[PDB]
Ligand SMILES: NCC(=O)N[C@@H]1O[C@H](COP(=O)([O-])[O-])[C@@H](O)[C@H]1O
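To begin, one chain is listed below as structure tokens, in the form deposited without the named molecule.
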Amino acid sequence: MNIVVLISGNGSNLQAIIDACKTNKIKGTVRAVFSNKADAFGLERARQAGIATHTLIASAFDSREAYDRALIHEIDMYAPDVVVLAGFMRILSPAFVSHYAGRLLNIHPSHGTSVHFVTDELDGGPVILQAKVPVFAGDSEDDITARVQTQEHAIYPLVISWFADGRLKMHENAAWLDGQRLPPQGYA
């Protein structure tokens, strides 16, 4: 099970995925990490784990089209069974979304988190799993995030493990776990 992760920043979600794989909680291997931001910290986490990295800068190409074609060609050299977006800030082309249909995931910082199968250009599509984070009087916005971030590091690797296992699929713009079509709110 080949996993390719796309990032734009820090890479803390990427790290949680790397760790879940290292402990075999995810029956898969992160084969490469792609960044559209030069020197994103996540590239460093990938290097530290001995994973190949590639950076593609928009200003380095003639157009969005040229960029998207190069990104797809490069990702494809790694034969991904799953392409996971973890903080990848670029608006995707319909062609990219179509090319990875059924194997493109995204984690959404929305208080709660949710991971979806991406079926549109803004990283949207059917919800697979989501959780809620409670707030309390006294909570600092940086207390909220930390809780949310902790939550993301927990559910993304879990959802990816379902995929790596053959248990999770996308059909009719819906998510199916163990052959059961999940409801709009994901697995409950």
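Sequential numbering from 1, following the sequence displayed.
A second form of this protein, the form solved in complex with the named molecule, is not displayed here; the remarks below concern that form.
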item: Complete contact of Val30, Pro80 and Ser161 with the named molecule in the deposited bound form (any heavy atom, 4.5 Å); value: no
item: Contact label in the deposited bound form: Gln149 to the named molecule, heavy atom within 4.5 Å; value: yes
item: Non-hydrogen atom contact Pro109 with the named molecule in the deposited bound form at 4.5 angstroms; value: yes
item: Contact label in the deposited bound form: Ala86 to the named molecule, heavy atom within 4.5 Å; value: yes
item: Candidate stretches 176-184, 8-16, 162-170, 21-29 - the one whose heavy atoms come within 4.5 Å of the named molecule in the deposited bound form; value: 8-16
